[PDB]
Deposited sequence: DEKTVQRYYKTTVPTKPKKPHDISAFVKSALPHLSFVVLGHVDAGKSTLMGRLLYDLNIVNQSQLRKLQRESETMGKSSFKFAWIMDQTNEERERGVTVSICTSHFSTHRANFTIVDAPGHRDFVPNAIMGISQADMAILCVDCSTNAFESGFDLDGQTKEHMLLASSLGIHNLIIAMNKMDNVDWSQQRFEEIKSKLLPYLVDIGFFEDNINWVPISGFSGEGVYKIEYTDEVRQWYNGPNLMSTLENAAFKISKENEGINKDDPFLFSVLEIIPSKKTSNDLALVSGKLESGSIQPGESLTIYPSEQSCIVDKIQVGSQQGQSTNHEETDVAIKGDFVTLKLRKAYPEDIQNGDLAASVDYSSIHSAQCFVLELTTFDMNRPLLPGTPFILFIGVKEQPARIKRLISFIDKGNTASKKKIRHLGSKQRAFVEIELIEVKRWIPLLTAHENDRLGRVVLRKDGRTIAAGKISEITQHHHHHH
């Protein structure tokens, strides 16, 4: 308590492995979150998917056609793992907006499920895409859905897209990271195992949902081919399973870990040794190498669970960039707000799977072009602007570990809300420790 054992000298692995080797040899993996409006087909689509996967029954599916996550101490996010012969996947979902944030934060990319039936670019669709890119998601698959109620009309498909695409781009996306797939969650056409109808093939000639997913995965798996031992290990603690030798579950956001190697957890700053890396939907199956992107469970020696919590951060013992703070600077981008932001204006900071009250402490400067700090004086921050800002945490019960977005692009992002409205996104630029 007064001090946990802590080191900055790497222990070696019981059975050293060639990371680059192990990556190549290994199957690609992708995690994704399934967003979309309330009546867009999210669950019938999910059902259909699992069904083609022989994970859902033929009747389990007829019931759904009139839970699904459940079927496949504090829980932060739900995961469901699955596999094809080409790739491994991990559906991510929160249980229970704050819940969307959790899902989005741990997912590699998003599938945006859209109702094509007879377009109104609506409230919670836009919300989700806004959170998606605020939170670090670059890749999308827009599952253009419910094609039957438009008889697979290329005319309509292309019409909805011409509305949505520009929005997605404005909001912060790039057109080549967006993939557009026509499907029917109900007929299962284009999802996985039921092929596109010939009528449909004469205009849509790109891949189906599943293949598109596998494609994503491969794209990812390649970047991870570089991974060295000169690469930091980063790991979001996502759940702590009770002991009666602790079990820690989370997502690697960087590098790799093998049994024998060591890690420090923040903010507790304990240095534990990992002696088993459990993985798979079970999580009895074990590997000798977890790498970035993998959802896994570490079986830790020298761990003190009372002082570990969801949303904590583990890293290489020689990695010294995670910090806790009252104050830090946000490169802040602002949406449409009711009132402007002023020094002292409080809000809730959302960050990874944690949320936290805070207030603006300083308005430091507008951002004119590129990244330059405009000499224009700034007494208040209004809607649809960007500025460097100093934030202060209030009523802190426990330190939040922070990483700047230069250190890591994903972990370094935060979403700001006040009075129930998503008001701004931010990149952590600097930490005033």
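Novice: Give the ranges of the deposited sequence, numbered from 1, for which the structure holds no C-alpha coordinates, in sequence order.
Specialist: According to the deposited record, C-alpha coordinates are absent for 1 to 4, 71 to 83, 90 to 96, 121 to 124, 147 to 152, 279 to 283, 323 to 327, 478 to 483, which together make up the missing parts.
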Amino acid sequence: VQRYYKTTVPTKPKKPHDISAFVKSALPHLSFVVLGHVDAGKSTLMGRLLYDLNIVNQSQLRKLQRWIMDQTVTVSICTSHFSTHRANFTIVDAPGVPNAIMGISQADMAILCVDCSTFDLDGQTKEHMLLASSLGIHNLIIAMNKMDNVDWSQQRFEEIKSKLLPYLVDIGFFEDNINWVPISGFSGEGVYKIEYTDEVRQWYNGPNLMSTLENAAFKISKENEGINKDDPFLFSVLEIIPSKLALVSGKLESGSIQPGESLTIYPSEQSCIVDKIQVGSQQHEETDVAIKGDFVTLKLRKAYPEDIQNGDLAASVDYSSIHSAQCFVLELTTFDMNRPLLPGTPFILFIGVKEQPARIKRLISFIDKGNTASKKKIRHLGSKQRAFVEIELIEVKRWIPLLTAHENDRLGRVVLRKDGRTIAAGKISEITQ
From here on, numbers count along this sequence of modelled residues.
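Novice: Going by the average Cα B-factor in the PDB entry, point out whether 44 to 52 or 399 to 407 comes out higher.
Specialist: It is 44 to 52 that shows the higher mean C-alpha B-factor.
Novice: For the C-alpha atoms alone, is the average B factor greater in 223 to 231 or in 323 to 331, going by the entry?
Specialist: Of 223 to 231 and 323 to 331, the stretch with the higher C-alpha B-factor average is 223 to 231.
Novice: In terms of recorded Cα temperature factor, pick the maximum from 304, 203, 350, 82.
Specialist: Comparing C-alpha B-factors across 304, 203, 350, 82, the top value belongs to 203.
Novice: Could you check 381, 373, 35, 393 and tell me which one carries the biggest Cα B-factor in the deposited entry?
Specialist: Of the candidates given, the C-alpha B-factor peaks at 373.
Novice: Using the B-factor values recorded in the entry, state whether the Cα atom of residue 276 falls in the lowest, middle or highest third among the modelled residues of its chain.
Specialist: Middle third.
Novice: Going by the entry, which third of its chain does the Cα temperature factor of residue 343 land in?
Specialist: According to the entry, residue 343 has a C-alpha B-factor in the chain's lowest third.
Novice: Lowest, middle or highest third: where is residue 101 by Cα B-factor in its chain?
Specialist: Middle third - that is where residue 101 ends up once the chain's C-alpha B-factors are sorted.
Novice: Lowest, middle or highest third of the chain for the C-alpha temperature factor of residue 237?
Specialist: It belongs to the lowest third of the chain when residues are ordered by C-alpha B-factor.
Novice: Compared with the other modelled residues in the chain, in which third is the CA B-factor of residue 15?
Specialist: Answer is highest: the recorded C-alpha B-factor places it there.
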